[PDB]
There are 2 protein chains.
Amino acid sequence: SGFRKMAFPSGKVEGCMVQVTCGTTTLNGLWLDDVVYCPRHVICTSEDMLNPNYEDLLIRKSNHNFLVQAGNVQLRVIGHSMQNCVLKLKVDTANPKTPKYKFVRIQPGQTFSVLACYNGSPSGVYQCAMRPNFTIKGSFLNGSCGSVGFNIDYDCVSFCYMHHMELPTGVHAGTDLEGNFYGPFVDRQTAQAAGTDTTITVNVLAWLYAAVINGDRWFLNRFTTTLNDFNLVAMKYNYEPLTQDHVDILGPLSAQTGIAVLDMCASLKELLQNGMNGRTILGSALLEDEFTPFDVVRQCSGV
Amino acid sequence: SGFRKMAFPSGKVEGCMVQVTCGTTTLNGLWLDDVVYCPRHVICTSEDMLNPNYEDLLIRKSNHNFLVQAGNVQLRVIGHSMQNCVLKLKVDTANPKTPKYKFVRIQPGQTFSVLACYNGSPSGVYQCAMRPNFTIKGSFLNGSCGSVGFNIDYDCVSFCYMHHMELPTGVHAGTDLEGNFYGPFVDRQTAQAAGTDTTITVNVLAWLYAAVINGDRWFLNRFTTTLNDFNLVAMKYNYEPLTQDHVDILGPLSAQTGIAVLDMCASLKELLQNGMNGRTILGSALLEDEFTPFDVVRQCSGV
Ligand SMILES: C[C@H](NC(=O)[C@@H](c1cccnc1)N(C(=O)c1ccco1)c1ccc(-c2ccccc2)cc1)c1ccccc1
Ligand SMILES: C[C@H](NC(=O)[C@@H](c1cccnc1)N(C(=O)c1ccco1)c1ccc(-c2ccccc2)cc1)c1ccccc1
């Protein structure tokens with residue numbers, strides 16, 4: 001029993017974190033095979049922040065201008081390219097700690113483990129969700145950039161995120177490892193406001209299912225609801241519209257807890273309409289939406 | 001900016017997690033040098049749970065009865081011993097991924113990263129605190145036992161916890177790597193009730209200091225208090241008595257935020273007396289006490 005904000009083991013990803021220096025600017029790179037992926041804003045200077053032209057900013061840079069350091073060891077950059085908002089620095093040496101890996105682009109509401117890094121050094125690990133506004137409520141300081149979000153499918157590290165920037169609102173924006181920012185964010189120092197941060201309803205339901213599985217069942221009522229009636233109250237509370245997919249995705253937890261998904265929607269409604277009445281669920285005084293149905297299954301089947 | 005429940009990178013500890021089978025029973029072992037540490041209740045059977053005699057239960061067991069598996073590779077157990085509530089299984093092979101390491105016994109209120117394991121396989125990572133009742137509110141399933149809590153001092157993994165058992169209350173009890181349970185817990189299936197789970201006041205203050213550093217400063221009042229007056233209200237709310245050490249330990253955060261520690265105690269008092277009024281601090285609707293002053297410094301200086 002028990003339920004915590006759990007990350008994947010970062011070991012496989014630690015062995016991939018290198019330091020990437022471009023002049024004054026230093027941040028993290030991901031070293032897989034003979035390629036080091038980092039935010040392309042490594043190349044940007046003290047005044048390039050506002051409107052940097054990267055193609056233009058790349059011409060000025062060469063292989064020897066990218067100082068790729070793997071712990072204490074400098075790597076030979078034997079070729080570089082820009083893919084969207086990432087640099088792919090070709091190095092002469094394949095990373096011998098390269099795990100089996102994929103670059104997935106993760107849907108909003110999906111979760112991943114962040115290995116926060118400074119100077120290619122793993123600092124800490126924490127679970128994150130892709131917010132429906134395609135921000136992530138991370139912990140990143142200066143130099144945290146090029147830190148990756150990831151998911152482990154047994155042996156296979158599925159890199160879903162590379163951290164780029166903090167928004168004016170303490171919130172984080174970054175890209176997949178193909179360099180495509182999640183959301184409308186751009187690697188420039190301009191007015192970039194977050195959209196509405198909606199609650200990942202299916203995740204809250206999964207969290208409630210985790211709560212019930214861990215004996216926190218108080219918020220259960222004798223009520224049911226309809227998807228449509230629940231979704232009316234969901235929208236009022238800035239909750240993601242719930243779909244049959246969400247219900248299907250919660251089927252495992254339903255089947256596990258013998259609680260129809262719509263009876264849990266009924267409990268969620270009462271929690272949303274009435275608040276939590278000073279009570280806690282899974283040591284939280286609000287409804288956690290940064291655990292997927294898969295995350296709950298994982299943390300309650302011990303994958 | 002941003003503030004999350006961050007763990008240390010588990011990589012150094014992953015390379016130390018082995019599987020430990022004794023007959024039907026399987027759990028995790030920690031492989032450092034030529035020694036594999038696991039909960040001694042690995043040796044206990046289907047009826048030994050109630051009152052097991054371990055010395056007696058060890059006689060029946062030999063080196064070849066301890067199946068130490070490192071991934072797909074069995075290790076030769078060339079000697080075994082019991083140290084308090086841990087077995088130290090001597091193996092012929094030093095763990096080549098042995099990090100620089102110490103066994104620290106951590107004070108209650110101190111935090112550590114848990115690498116949750118099943119069959120010597122890292123499942124997930126999360127930050128934990130030693131509760132003042134010497135329980136830990138973990139996420140551990142069946143077979144999670146022999147999972148270690150730890151702290152990383154740059155290169156040096158300070159193993160503080162080995163997970164043993166879940167209490168009747170969904171809460172977790174275990175030992176240091178010298179095998180000494182934190183708290184009054186014993187590796188037996190008997191009435192083991194948690195004491196009062198008091199709030200780690202110094203940690204809540206650190207969390208508030210992290211909140212203020214991350215722009216969440218609303219709970220700041222124009223009030224101050226005295227240690228004694230604050231401690232009167234602390235005790236009412238089952239908060240750890242605050243000491244000059246706690247104030248000293250918060251000195252860094254005080255100095256960083258230019259907020260006297262006692263003005264923050266004043267804010268904590270108003271939060272405790274008045275609750276949070278539906279408001280959140282650092283995405284929490286209650287006062288987080290599972291972040292140390294050191295943890296906040298670390299996550300807000302990027303160590
Ligand atoms: C306010 C925000 N502040 C930041 O983003 C902070 C940073 C703070 C904490 C966590 N995450 C990143 N930041 C870093 O820590 C960093 C810089 C280099 C390596 O790391 C950074 C600074 C600059 C850039 C950048 C520069 C040129 C062109 C385009 C972008 C990118 C990141 C920001 C600054 C500038 C632009 C957008 C957002
Ligand atoms: C209720 C509790 N249930 C548990 O503790 C669960 C377990 C569940 C989730 C997380 N953490 C551990 N548990 C395991 O997952 C496990 C067993 C072996 C390897 O792993 C376990 C079962 C048994 C023992 C044990 C056996 C003989 C003598 C003394 C102790 C120890 C652990 C418990 C059972 C028995 C005794 C105390 C507490």
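Read the numbers this way: they start at 1 and go in the same order the structure lists the ligands and their atoms. Reminder, nothing fancy here: chain letters follow the sequence lines and each chain counts from 1. In what follows, every heavy atom counts, from backbone to side chain, and hydrogens, waters and symmetry copies are set aside.
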J.: Show which atoms of ligand 1 fall inside a sub-4.0 Å distance from at least one heavy-atom site of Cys44(A).
T.: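 Atoms satisfying the 4.0 Å criterion: 27 (C), 28 (C).
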J.: Considering the heavy atoms of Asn142(B), write down every atom of ligand 2 situated less than 4.0 Å from one of them.
T.: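 Listed by number with element, the hits are 6 (C), 8 (C), 9 (C), 13 (N), 14 (C), 15 (O).
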J.: What atoms of ligand 1 come within less than 4.0 Å of a heavy atom belonging to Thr25(A)?
T.: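 Matching atoms, with element in brackets: 18 (C).
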J.: Is any heavy atom of the protein nearer than 4.0 Å to atom 2 (C) of ligand 2?
T.: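 Within 4.0 Å: yes, protein heavy atom nearby.
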J.: Classify the ring geometry between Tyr161(B) and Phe140(B) as parallel (under 30°), tilted (30 to 60°) or perpendicular (over 60°).
T.: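 Rings of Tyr161(B) and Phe140(B): tilted, 30 to 60°.
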J.: Does an N or O anywhere in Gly143(B) fall below 3.5 Å from an N or O of ligand 2?
T.: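 Yes, at least one N or O pair falls under 3.5 Å.
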J.: Can you figure out which of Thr190(B), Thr21(B), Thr26(B) has its heavy atom closest to atom 19 (C) of ligand 2?
T.: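 When every heavy atom of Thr190(B), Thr21(B), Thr26(B) is considered, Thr26(B) comes closest to atom 19 (C) of ligand 2.
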J.: Closest non-hydrogen protein atom to atom 16 (C) of ligand 1, residue and atom name please, with distance?
T.: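 For atom 16 (C) of ligand 1, the nearest protein heavy atom comes out as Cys145(A) SG, 3.4 Å.
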J.: May I ask you to establish whether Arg4(B) and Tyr126(A) are in a cation-pi arrangement, using a distance under 6.0 Å from NZ or CZ to the six-membered ring centre and at most 45° from the ring axis?
T.: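 No, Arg4(B) does not sit over the ring of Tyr126(A).
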J.: Is the ring pair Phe8(A)/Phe150(A) parallel, tilted or perpendicular, if the boundaries are 30 and 60 degrees?
T.: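 Because their plane-to-plane angle lies in the 30° to 60° range, the rings of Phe8(A) and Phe150(A) count as tilted.
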J.: For atom 4 (C) of ligand 1, which candidate among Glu166(A), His41(A), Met49(A) provides the closest heavy atom?
T.: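 Among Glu166(A), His41(A), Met49(A), the closest heavy atom to atom 4 (C) of ligand 1 belongs to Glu166(A).
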J.: Looking at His164(A), which atoms of ligand 1 are within less than 4.0 Å of one of its heavy atoms?
T.: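 Those atoms are 31 (C), 32 (C).
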J.: Given that the side chain starts at C-beta and the backbone is N, CA, C, O, which of these parts of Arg188(A) lies under 4.0 Å from ligand 1, counting heavy atoms, or is it both or neither?
T.: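 Within the 4.0 Å criterion, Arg188(A) contacts ligand 1 through backbone atoms alone.
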J.: With respect to atom 11 (N) of ligand 2, which of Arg40(B), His163(B), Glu47(B) exhibits the smallest heavy-atom separation?
T.: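 Looking at heavy atoms only, the winner is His163(B).
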J.: Of the protein's non-hydrogen atoms, which lies at the shortest distance from atom 34 (C) of ligand 1, and what is that distance?
T.: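 Going atom by atom, the protein heavy atom closest to atom 34 (C) of ligand 1 ends up being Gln189(A) CG, 4.4 Å.
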J.: With a 4.5 Å limit on heavy-atom distance, are the side chains of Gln127(A) and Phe291(A) in contact?
T.: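 When only atoms from C-beta onward are counted, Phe291(A) and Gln127(A) do not touch, as no gap falls below 4.5 Å.
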J.: With atoms numbered from 1 as shown, which atoms in ligand 1 lie under 4.0 angstrom from a non-hydrogen atom of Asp187(A)?
T.: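 So the answer, numbered in order with elements, is 28 (C), 29 (C).
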J.: Within the 4.0 Å heavy-atom shell around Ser144(A), which atoms of ligand 1 are there?
T.: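 Counting atoms of ligand 1 from 1, those under 4.0 Å from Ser144(A) are 10 (C), 11 (N).
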J.: Before you tell me yes or no, could you show the steps for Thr175(B) and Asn84(B) under side-chain contact (heavy atoms from CB on, under 4.5 Å), namely the whole-Å CA-CA distance, both residues' side-chain angles and the distance that decides it to 0.1 Å?
T.: CA-CA 9 Å; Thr175(B) 73; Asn84(B) 308 299; over 6 Å; no
J.: Report, in ascending order of atom number, the atoms of ligand 1 lying under 4.0 Å from any heavy atom of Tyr54(A).
T.: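 Under 4.0 Å from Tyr54(A), ligand 1 has these atoms: 28 (C), 29 (C).
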J.: Among all the protein's heavy atoms, is there at least one whose distance to atom 23 (C) of ligand 2 comes out below 4.0 Å?
T.: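 No; the ligand atom in question lacks any protein heavy-atom contact below 4.0 Å.
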